[PDB]
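One chain is shown next in C-alpha cells, namely the form deposited in one PDB entry.
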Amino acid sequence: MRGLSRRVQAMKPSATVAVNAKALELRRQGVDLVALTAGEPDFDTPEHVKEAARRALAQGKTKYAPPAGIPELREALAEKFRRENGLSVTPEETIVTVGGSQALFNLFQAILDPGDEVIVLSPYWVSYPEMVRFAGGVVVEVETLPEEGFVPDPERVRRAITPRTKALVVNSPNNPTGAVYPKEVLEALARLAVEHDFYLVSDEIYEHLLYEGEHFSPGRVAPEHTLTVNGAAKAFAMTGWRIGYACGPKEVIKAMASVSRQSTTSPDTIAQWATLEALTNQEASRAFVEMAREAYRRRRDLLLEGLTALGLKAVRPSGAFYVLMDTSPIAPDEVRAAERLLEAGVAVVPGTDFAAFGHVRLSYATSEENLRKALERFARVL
C-alpha cells in the first residue's frame, strides 16, 4: 500500500505561513514592507569563524566525522559548559548536532515512548509541541502570564506533573517572550524534576543575548536530570551553518548520538572546524558578542519607547531579540491584527503558533532605520 505515515499526517498548519504568503503578494505588487519577522541575527558570521572554515577547506577536512562530533570540538564544548555555565561535564557528555533543532529532535526520539508527557510553557517556540508529538508524546501546556513577565510560576507547573511526565522544557532567554528567568525560579524547576524524577530540558541558545540579569543553567544543581541544549546559531550569527550542541547524562547523550548515526551521520565537517574556532578564540568571539549585544540593546530601547508612546503594550524583554506586543487595540485577534499591519506596510509574526494569542512577535534583529519606519506605520494604523 502507498500513503503517508500517521505521524506525518498529524502535523498542524501554521498561521505564520498563511500571513507570509499574503506578504509575498504585497511585495509582488511592489509594496514596500518593513519586516520585523526575523528569527536570526542581521549581522554576518564573524571573520575568525569564516577564516577557520577557509583553513579547513584548504586542509582537506572534508571527510566524515564521528556521529557525536569531532573529538576536538567535544573537548572544547566540555570547556565551554564548565567555564561559561558552571556545568560539570566531561567530553563524553557532550554532542554536536545539525543545529540546536536536531539536539532537541534527537533528545525526544531518545527519551519518549508513545503516551509519555512533556510539559511545555506557553508562549513556546513553535517546534517544541511538534517534536514532542512526532515522537508519540503528549504535550501538557502550562501557561505563563504577561502580568508575571511571562516567568513561570512553579506552582502552576506542579499542577501539570503526573505519573507519565517524562520531561519539562524550559527556554531562558525565551523565544518569543524575551523573558530571562531568575535563578530562583530555575532552581525551583530543577527541584521538581528531582523530586518527581523527570528530565529538565534547558534550551539556552540565547544565553549571550542578555541585557539584564544573569543567565543561570539548571544543570548546575541537577546534572543527572538536566539536558542542556545550546548552539552557535544565535550567539555567533551562524544560523545557516547548522551546528548545535548539548550536554547531559552520559546515557542520554550516547542515545542521541545513535539517532544521529541512523539519520544525519554527523554534522558538516567544515562547520565543526569553524565552530571550534568560535569556542577556542574567546577573545574574538567575545568581541563579536559584545558588539551585537550593545546593538541589540539600543534597538530594543528604541522600540519599547516608541511602542509606549503609541500606547501599545509589550512586556519589556531581558534577552533574545524579540518583543511580544498586545494587538487588542489593532484588531480582535492576532491574525486579523497581522493582516492589518501588513496592509500598513509592516510584516510581523502572529502569536498563534506560539500559543501567544492576542499578541504578535516583533523582532529587532534589523536596523534602527527599519525600526523607525515600522513605528511610523504603527502610528498610522492608530
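Shifts are known only where both forms have a C-alpha. Residue numbers here begin at 1 and follow the sequence given. Rigid core here is just the name for the largest C-alpha set that superposes within 1.5 Å across the two forms.
The form deposited in another entry exists for this protein as well; it is not shown, and the discussion that follows is about that form.
- A movement of the C-alpha atom of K63 falling short of 2 angstroms is seen between this form and the one not shown when the two forms are aligned on their rigid core.
- Relative to the superposed core, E369 shifts its CA atom by less than 2 Å between this form and the one not shown.
- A35: CA moves less than 2 Å between this form and the one not shown after rigid-core fitting.
- Once the rigid core is aligned, the segment that moves between this form and the one not shown, defined as three or more consecutive common residues whose C-alpha shifts all reach 2 Å, runs 13-30 and is the only one.
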